[PDB]
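Below is one structure, written out as structure tokens, with a few remarks after it.
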Amino acid sequence: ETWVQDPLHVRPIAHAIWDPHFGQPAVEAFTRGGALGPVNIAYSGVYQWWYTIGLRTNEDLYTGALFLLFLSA
Amino acid sequence: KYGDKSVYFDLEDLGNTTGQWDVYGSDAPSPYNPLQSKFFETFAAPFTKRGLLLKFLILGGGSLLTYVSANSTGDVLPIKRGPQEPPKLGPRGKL
Amino acid sequence: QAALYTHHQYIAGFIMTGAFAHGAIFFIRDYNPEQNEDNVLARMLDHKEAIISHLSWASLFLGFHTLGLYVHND
Amino acid sequence: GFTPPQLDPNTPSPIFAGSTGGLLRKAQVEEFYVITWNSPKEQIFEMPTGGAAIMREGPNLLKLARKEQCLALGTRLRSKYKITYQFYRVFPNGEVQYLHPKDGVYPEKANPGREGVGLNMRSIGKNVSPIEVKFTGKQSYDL
Amino acid sequence: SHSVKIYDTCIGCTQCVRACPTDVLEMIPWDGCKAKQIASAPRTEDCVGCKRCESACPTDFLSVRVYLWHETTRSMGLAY
Amino acid sequence: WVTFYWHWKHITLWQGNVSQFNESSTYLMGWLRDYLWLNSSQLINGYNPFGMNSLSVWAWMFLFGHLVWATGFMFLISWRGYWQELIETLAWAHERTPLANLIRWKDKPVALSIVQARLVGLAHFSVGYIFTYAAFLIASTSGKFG
Amino acid sequence: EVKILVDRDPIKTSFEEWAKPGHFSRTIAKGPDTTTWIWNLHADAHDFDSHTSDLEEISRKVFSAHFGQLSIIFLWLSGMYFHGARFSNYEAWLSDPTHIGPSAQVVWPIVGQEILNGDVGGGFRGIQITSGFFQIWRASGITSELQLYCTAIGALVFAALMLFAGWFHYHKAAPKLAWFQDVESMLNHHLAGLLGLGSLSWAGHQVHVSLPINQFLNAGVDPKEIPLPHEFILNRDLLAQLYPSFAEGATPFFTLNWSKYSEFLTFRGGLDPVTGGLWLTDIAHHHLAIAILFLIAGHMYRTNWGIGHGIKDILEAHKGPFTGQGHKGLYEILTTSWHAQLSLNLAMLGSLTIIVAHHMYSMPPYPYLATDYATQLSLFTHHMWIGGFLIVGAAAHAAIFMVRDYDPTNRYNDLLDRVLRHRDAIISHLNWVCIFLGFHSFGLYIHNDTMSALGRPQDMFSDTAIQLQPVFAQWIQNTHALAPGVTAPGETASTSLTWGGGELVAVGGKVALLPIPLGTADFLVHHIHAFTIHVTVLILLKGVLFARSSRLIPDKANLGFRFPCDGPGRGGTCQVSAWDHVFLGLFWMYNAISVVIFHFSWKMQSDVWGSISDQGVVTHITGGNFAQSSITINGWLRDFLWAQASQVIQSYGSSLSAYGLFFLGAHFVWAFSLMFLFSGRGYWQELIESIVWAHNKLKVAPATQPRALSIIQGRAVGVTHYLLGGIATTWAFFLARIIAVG
Amino acid sequence: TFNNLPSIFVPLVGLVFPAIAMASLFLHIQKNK
Ligand code: CLA
Ligand code: CLA
Ligand code: CLA
Ligand code: CLA
Ligand code: CLA
Ligand code: CLA
Ligand SMILES: CC1=C(/C=C/C(C)=C/C=C/C(C)=C/C=C/C=C(C)/C=C/C=C(C)/C=C/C2=C(C)CCCC2(C)C)C(C)(C)CCC1
Ligand SMILES: CC1=C(C/C=C(\C)CCC[C@H](C)CCC[C@H](C)CCCC(C)C)C(=O)c2ccccc2C1=O
Ligand code: SF4
Ligand code: SF4
Ligand code: SF4
């Protein structure tokens, strides 16, 4: 939802990270994209391709994920 | 006969031939005290069914692991403490 | 834009190696030389030495020359 | 029904100070391939388990690890020392299967009394392709 | 275990079996050659797959032929 | 080769200095210096003896891929027989080591089959190729974003 | 007992066998049905144990082959001394050796390669050599180029003499087997007569020629002003003006009044602070004492007279309680087998080359060696590599003994049998300790790498986080620094200044071997070295022991020493041969010596070498980044490999450009080797048969049938290209790095 | 709780699911009928 507004200057986020081996410097360094915790930057472009086909909210992605789970079942 | 002069193929006693030996397996009786032995027997007979032991081990260990990692705060693991630091703006603005 | 290109090209290289490997597995397991005698596929296996030799030529030519040029420039 | 097995008795074993290439737990649950030979003199030979052994004048007996060990030993015996040998297979239950000549004659002299198996009466190119035997237990070479 | 096969191109030179270190092979009489003998493979259970037999078969391609197949403890050549 | 060409042409375009590629891509020491040695500057410094940054994961993955890419050379260069003999010694030791004689395997241990170990060497080799170049590409294009 | 048993005209000098290639072998002396024949013509060329069965002809062949090798080395030294004489700046390097690059090779201006002739210094354009011949020549008191040309001519003469000697001792009058087997006289002579008298004669040179000349060269004298060496022999007043003990001559010697010889035979251990090398005064006394020692040691073995130890009487005397008969039989398996002796001498000569590498950096014996960081690094690295190779060849030839020359019937040994009988125990414990060391030496690097990547530098194994200090090595270091005193009086200083209590030998702007501090990184890398050595010994010892038999192949000796396999059976039995074990041990020796010379280069450039200004502040080449960055692999990749490879790759258009060229080329040859190590023969034979169809289509079918390389040959080509490529990569990288920043 | 769910699922997955999976698969390997 933040990437949609300023995409050129807001970093994508693949998923958060909970690695209990992390030290506090690593918790501090991996906090990107305006997150309250560590994160990994989506170098997959899924942000761009979802934003180009609609999908301008997190609820849109939630509905899509639930529907794809239904499709997997 | 296995004990003859350089005979090691007693076909009847195939254990001595193939090397089936308790090399250190002393058959000496229980050196423990009887009372503490009975104590351990009665207090560890719950762990006699290997299948129930395995189910208990896996489920209780996973439960304790989730409990530790969910109730532990950031003082014992920095990943739950969080950033406690402002985020650096990446290259080229942030992209 | 780099991760996607690199991704799909390594994927394409693997998929291509697998395409050929499954053609080989076909030529062993599923190829009946009597049911396709003297056909495009059978006439193909005939001049396998010609194909292999001319592909060898192309690779040998390219590697020789282009490595020579890179080395000349080095 | 022309050559009976020999049923190795409690013969002496070669003089050997013991090695680590000997009989492991394979003998304790599977076969271990005893070999028997008959020496003219007390001579010294290389053991297939590594190390040097001193064979005894007269019959000997060695329980080494497996078939290739005793057959390599017996080939070295027959070639270097010119000595008749025969080896066995001793399952842990107790049975003793006779194996090396299985006819009293080594398996080079084509002596009649042995049935030919593993015998495809064709040249090696005339085997069918796998597609002709697809979805069948016979792979390529048992028709 | 392994499937050793002897084809009818064999000249009966007795190298396949004099090279075989596990008594898999044995020469038998035959009427297809000047030597009047051919190799057979009864004891394929003792076959390790070392292909010393077919590294000594002097024919166009081969007459003896070893096919790698279900590997057991004795075809894998294990003392343990 | 394809992706090295791509990444260098594009990182030079994005940085602005197409002349770097157009002058240095014609001789291999340009690729070894101006592409690999130069763009790996911000990566291997992902975690120095004094602190780390966001590219620590990419440096660790870089070295991880180097490691498996080297481990594949084990299964490729070394083949089956040295390892079977080594495992025979190991089996002797385990069956004659006290307090571990009580423990006996159920599957008789053997060195990996030749075709298997080939496959395993290629798996390590390709995993290392891929993870190494992913680390390098991602870290170089993310350390700067041109 | 001992004699000169030698037979005349055994072999005819004729080109008739040159015309018939492969004459030495039976299968090779009938024609090339295939191309593999030529590979077998070179492979078996020096396999004299396979050509013949009698040891007499083999001994003659190898004796004359050693003469050819000595001819080659005399010709090589001829080249070095000559190139120093004519194509060098040695006459100028003596003036300012701390700033002029030693150069002895010039290239021809043809294709732009004249850039290699660079500004070494001395008004001379050439290649900055890293051999240390200039340092020797300053230690030999040359002070000219005429002496070098005369030395080259004399070396060419001795090369021709050795060539004639090989011809004479094979074709004209060849010794028979009773002559070589008299090892008692051979040791008595090579100890006393080669090593004793050789060190004595070099002590004579060191006393008469090197010492008086270096007394002037170090005392600001120009080489043109120095008196010639023979003027010290002819005129003793000039020699006595610096060392008055020569005025008394040998009367101090023969009267045992040696106390009045200390002007030139010293014990003041340490480095000459005017040039950084050891005191030549100490080296003269050294080689003298070594002469005495080898001279009394070469009168140990009975040769013809009633005195002396018969080596059989020494070996048979040692018979262990539960070790059996003991060393009985060894005199008969060492004197009736060249391969056993070759293995023993190779192992010791290789470890000795390594000890040379280790003692030539920490006790620089030549002037201006420690300050020529290129020479120091290159010499250490060289001799380390030679030692690893010689040890690996010792393994190969132990295996060849065990396959061919080992006979428990006739030439029996007890201890070798006992080793063969628990070989599984040896290899099991070695295979364990290799894994233990691997873990607790390299997994520590992995732990440090992960902890530094997780932002946990307080959890590494560093000199700051978790102490793994070399307490034992630190104790030896501190007690060797405080060794001058109660334990070793009359030395005036430590025998080396690589210990913490030592001092800095400032030579010019350079530093020249101040103390070496041992920290956690040294612990980690030394256990890495123990690890790599132990794995190499695992592989090689395993090949040697299982050369004859295993549980897998019990008839491996009948298959030979050098065979690929025994088929895909038994799950696959590739590389069961001892040849393949040593082929793998080559790679592991490579990894070992590579990390060794990396440790050397980095520890030196960070903690030893550098530049010390006149104020006393020493700045090292890297900046002391070893103990902090050599705890994790990313430091070796970043601060050693990536950083120090900024002078070999940036050297394009410079004088050091062949170094970057061979950097890339050795990279290539290594990778090319991977085509051989990874692939197999069958693919290449099928491809060759396809392109042979393409040739037969054009009537270009060669009669020497194109065959893909044999399997063992593919492995040989792979390991040699792999080693050559990795080693030339490292050579170029080191030399450019260390010549550029110097 | 959403910030506490990785702390429950990552130790769950990456340690227990190996326990369950590798144990059950070793039992499936070492089986006889
Ligand atoms: C840097 C490493 C490297 C190099 C140089 C090669 C080179 C080659 N491979 Mg590949 N290969 C490699 C790694 C490499 N491979 C690896 C790691 C594997 C995995 C096992 C393979 C697997 C493989 C297969 C499976 C096949 C090849 C093929 C080929 C040939 C392709 C034809 C070509 O371009 O040749 C042009 C020539 C060269 C590249 C050689 C370069 C050297 C120069 C030109 C020689 C001259 C220099 C000098 C004057 C000689 C003297 C040197 C010294 C004695 C003084 C060629 C020889 C194919 C083939 O044979 O097709 C014909 C083929 O089928 N290779
Ligand atoms: C020049 C005169 C001469 C002549 C005509 C012969 C003739 C002969 N010699 Mg004798 N020999 C000579 C000199 C000579 N020798 C010398 C000087 C030595 C001492 C090294 C020997 C030592 C010697 C031994 C030990 C043996 C012979 C043998 C032979 C016979 C076969 C040699 C053959 O075909 O290989 C021809 C080989 C070559 C032409 C090349 C050999 C390599 C040379 C010596 C050195 C190479 C240096 C080179 C620079 C290094 C490579 C690096 C390069 C890549 C840069 C033949 C009767 C053999 C024999 O009779 O046994 C049956 C035998 O065993 N010779
Ligand atoms: C590939 C083989 C090879 C090559 C090319 C070189 C090349 C070089 N060596 Mg090395 N070396 C080698 C093998 C090799 N070495 C081995 C195997 C040994 C172990 C004996 C040595 C021991 C050695 C020493 C000790 C020194 C060199 C030096 C040198 C350099 C000057 C050459 C010279 O002759 O100066 C003249 C040679 C000397 C001054 C050496 C003195 C003689 C030694 C101490 C002993 C005598 C040998 C003995 C008779 C045989 C061994 C006896 C046995 C009991 C072990 C040059 C870089 C010298 C150097 O780096 O100078 C800067 C130097 O000091 N090397
Ligand atoms: C004192 C030293 C010494 C001596 C006398 C010998 C002598 C011998 N060795 Mg041993 N060996 C040595 C050192 C030594 N080796 C070392 C240091 C190693 C470690 C690698 C080995 C490893 C080794 C193995 C593994 C084998 C031998 C074998 C042999 C025998 C035959 C070799 C032959 O005919 O090849 C003649 C010469 C050649 C074929 C040329 C080799 C080509 C080299 C690799 C070229 C590349 C190296 C070069 C420096 C790089 C420059 C490249 C440039 C040209 C472009 C012979 C008895 C063989 C044997 O006994 O077989 C039964 C055998 O299998 N050796
Ligand atoms: C980097 C590449 C690499 C690595 C890691 C290894 C690893 C090993 N080699 Mg191999 N080898 C390689 C390349 C490599 N080799 C190549 C290229 C060759 C070609 C010649 C060989 C040839 C070769 C031979 C011929 C021999 C070895 C031996 C060894 C062993 C010694 C170290 C050991 O066990 O200690 C512990 C393990 C290591 C140091 C490896 C790194 C592992 C780290 C420290 C920890 C791993 C993580 C941990 C277990 C957590 C697991 C997590 C879970 C998710 C899985 C080990 C299996 C020797 C052997 O088997 O006997 C000991 C032996 O004889 N190797
Ligand atoms: C000791 C080293 C170590 C270890 C153990 C971990 C562990 C972990 N890290 Mg990592 N990490 C490390 C060092 C380490 N980290 C370092 C040094 C860095 C750089 C600073 C990072 C950076 C990092 C990031 C950026 C992220 C992690 C994440 C994770 C978690 C992944 C979740 C999981 O269960 O994966 C499960 C395992 C896999 C997915 C591996 C799949 C491949 C396997 C091997 C094949 C499976 C075989 C078969 C198909 C299935 C059969 C069953 C099988 C169990 C046998 C996990 C807790 C992620 C996280 O927190 O999300 C939850 C994440 O985003 N880490
Ligand atoms: C210019 C252009 C054009 C045209 C083009 C073209 C015409 C192209 C072509 C192209 C091509 C032409 C391509 C190709 C490709 C191929 C491939 C990629 C192949 C592969 C193969 C394989 C993989 C194989 C497999 C197998 C085998 C091995 C055998 C058996 C069988 C099989 C088949 C299975 C147009 C105008 C339109 C448009 C624009 C552009
Ligand atoms: C490439 C390769 C081959 C084939 C290598 C060939 C046979 C070498 C190529 C031919 C050489 C270069 C000889 C041709 C040069 C001749 C001297 C002819 C001269 C012609 C002019 C150049 C003068 C193998 O046989 C092999 C075997 C086992 C494992 C890996 C491999 C392997 O990787
Ligand atoms: S080796 Fe071949 S040709 Fe000779 S006997 Fe055996 S099967 Fe017949
Ligand atoms: S593969 Fe080996 S064991 Fe089998 S038949 Fe051939 S030689 Fe005998
Ligand atoms: S792969 Fe090569 S080395 Fe291994 S068994 Fe087969 S032929 Fe022998």
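No value in this document is a laboratory result; all are computed from the given coordinates. Cβ placement follows ideal geometry from the backbone for every residue including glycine, while neighbour counts extend to all protein chains displayed.
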C-alpha long axis of helix B:50-71 to longest principal axis of chain B, angle in °
20
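What does the charge add up to near B:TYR24, with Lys and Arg as +1, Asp and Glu as -1, over the other residues with Cβ less than 15 Å from its Cβ? Walk me through the numbers before you get to the answer.
Working: positive: F:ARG96; negative: B:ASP22, B:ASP27, F:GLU95.
That sum, taken over residues with Cβ under 15 Å, equals -2.
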So who's got an amide H within less than 5 Å of the one on D:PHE87, skipping anything under 5 residues away but keeping other chains? H placed 1.01 Å off N, in plane.
D:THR36, D:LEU99, D:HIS100
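What size of dipole, in debye to the nearest 20, comes out for the protein assembly as shown about its Cα centre when the only charges are +1 on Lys and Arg C-beta atoms and -1 on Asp and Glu C-beta atoms?
In debye, rounded to 20, the protein assembly as shown gives about 2700.
Given the protein assembly as shown, what whole percent of its Cα pairs are spread farther than 53 Å?
Percent of Cα pairs beyond 53 Å in the protein assembly as shown: 40.
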Convert each backbone phi in the stretch G:389-403 into a coupling constant with the Karplus relation 6.51 cos²θ - 1.76 cosθ + 1.60 (shift: θ = phi - 60°), then list the ³J(HN,Hα) values in order as whole Hz, x for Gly and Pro.
5, 5, 5, 5, x, 4, 4, 4, 8, 4, 4, 5, 4, 4, 7
Protection proxy ranking, peptides G:472-483, C:18-29, G:113-124, E:4-15, average beta carbon neighbours within 10 Å, highest first
E:4-15, G:113-124, G:472-483, C:18-29
At 222 nm, what value in deg cm²/dmol follows for chain G if DSSP H runs of at least 4 each add -39500 (n - 2.57) and the sum is divided by all its residues, to the nearest 500?
-16000 deg cm²/dmol
Straight-line reach from G:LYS699: which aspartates and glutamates have Cα under 14 Å away, leaving out those fewer than 8 places along the same chain?
none
Quick one: pull the percentage of alpha-carbon pairs in chain D with a separation above 27 Å.
38
Write down Rg/Rh for the stretch G:321-466, rounded to two decimals, with Rg from the C-alpha atoms and Rh from the Kirkwood relation over Cα pairs.
1.14
Would you work out which of A:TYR43, A:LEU68, A:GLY54 lies farthest towards the positive end of the dipole of chain A, given +1 charges on the beta-carbon of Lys and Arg and -1 on that of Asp and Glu, about the Cα centre?
A:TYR43
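What 222 nm value per residue comes from the helices of chain D, counting each DSSP H run with n ≥ 4 as -39,500 (n - 2.57) and dividing by all residues, nearest 500 deg cm²/dmol?
Calculated mean residue ellipticity at 222 nm is -2500 deg cm²/dmol.
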Compute the FRET efficiency between G:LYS20 and C:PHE20 as 1/(1 + (r/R0)^6), taking r as their Cβ-Cβ distance and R0 = 60 Å, and round to the nearest 0.05.
0.80
Across G:539-551, the residue-averaged tally of Cβ atoms belonging to other chains within 10 Å stands at 5
Can you tell me the convex hull volume per residue for chain C, based on C-alpha atoms, in Å³ to the nearest whole number?
130
Using the Cα atoms as the points, what is the convex hull volume per residue of chain G in Å³?
225
Of E:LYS51/H:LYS33; C:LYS48/E:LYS36; B:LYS55/B:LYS80; B:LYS94/F:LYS9, those spanning more than 28 Å from alpha-carbon to alpha-carbon:
E:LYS51/H:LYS33; C:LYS48/E:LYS36; B:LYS55/B:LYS80
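Could you grab the Rg to Rh ratio for the stretch D:1-66? Cα atoms only, Kirkwood for Rh.
1.01
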May I ask which residue of C:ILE15, C:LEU45, C:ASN73 lies farthest towards the positive end of the charge dipole of the stretch C:1-73, with charges of +1 (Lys, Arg) and -1 (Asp, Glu) on Cβ and the Cα centre as origin?
C:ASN73
Using the 2.2 N^0.38 Å rule of thumb for compact globular proteins, work out how the stretch D:101-143 stacks up: its C-alpha Rg over that value, please.
1.68
Using only the Cα atoms, work out Rg/Rh for the stretch G:451-517, with Rh taken as the Kirkwood radius, to two decimals.
1.18
Whole-number D in µm² s⁻¹ for the stretch G:42-154, Kirkwood Cα-pair radius fed into Stokes-Einstein, 4 °C, 1.567 mPa s
79
Restricting to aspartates and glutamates and to Cα separations under 19 Å from G:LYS697, and discarding same-chain partners fewer than 8 apart, the set is C:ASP46, C:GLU49, G:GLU686, G:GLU689
Normalised per residue, the volume inside the convex hull of the alpha-carbon atoms of chain F in Å³ amounts to 165
When the Cα centres of the stretch G:16-44 and the stretch C:1-63 are compared, how far apart do they sit, in Å?
40
Placing one identical point scatterer on every Cα of the stretch G:616-718 and ignoring solvent, what is log10 I(q)/I(0) from the Debye formula at q = 0.11, 0.19, 0.20, 0.23 Å⁻¹?
-0.64, -1.00, -1.04, -1.13
Added length on full extension, which subtracts the Cα-Cα distance from 0.36 nm per residue, G:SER611 to G:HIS358:
88.8 nm
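Going by average Cβ neighbours within 10 Å, how do the peptides G:610-621, F:10-21, G:359-370, G:719-730 rank, with the highest at the top? Can you show the working numbers first?
Numbers: G:610-621: 13.7, F:10-21: 15.5, G:359-370: 22.9, G:719-730: 19.9.
Result, highest mean Cβ count within 10 Å first: G:359-370, G:719-730, F:10-21, G:610-621.
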Please give the charge dipole size of chain C, origin at the Cα centre, charges +1 on K and R Cβ atoms and -1 on D and E Cβ atoms. Round to the nearest 20 debye.
260
Based on DSSP H runs of at least 4 residues, each adding -39500 (n - 2.57), what is the mean residue ellipticity at 222 nm of chain E after dividing by all its residues, to the nearest 500 deg cm²/dmol?
-500 deg cm²/dmol
Efficiency by 1/(1 + (r/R0)^6): what FRET value for G:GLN685 and A:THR2, r their Cβ-Cβ distance, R0 = 51 Å, to the nearest 0.05?
0.25
How big is the charge dipole of chain A about its Cα centre, in debye rounded to the nearest 20, if each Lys and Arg gets +1 on its Cβ and each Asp and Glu gets -1 on its Cβ?
120
Which entries of D:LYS80/G:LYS556; D:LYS63/H:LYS31; F:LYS108/G:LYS542; E:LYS5/F:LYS108; B:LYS88/G:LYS603 have Cα-Cα distances beyond 25 Å here?
D:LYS63/H:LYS31; E:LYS5/F:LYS108; B:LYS88/G:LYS603
Hey, got the average number of other protein chain Cβ atoms within 10 angstrom for residues in B:72-82?
6
Excluding residues fewer than 8 places away in the same chain, name every one of the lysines whose C-alpha is closer than 27 Å to that of G:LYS3.
G:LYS12, G:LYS61, G:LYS172, G:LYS176, G:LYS312, G:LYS328
Of all DSSP beta bridges located in the protein assembly as shown, what percent are antiparallel, nearest 5?
90
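Say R0 is 35 Å: what FRET efficiency, to the nearest 0.05, do G:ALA701 and C:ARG43 get from their beta-carbon distance?
So, using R0 = 35 Å, E works out to roughly 0.90.
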Per-residue mean of other chain beta-carbon atoms within 10 angstrom of the beta-carbon, peptide C:8-21?
1
Once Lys and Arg get +1 and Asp and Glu get -1 on their Cβ, which of B:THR73, B:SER26, B:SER63 lies farthest toward the positive end of the dipole of chain B?
B:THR73
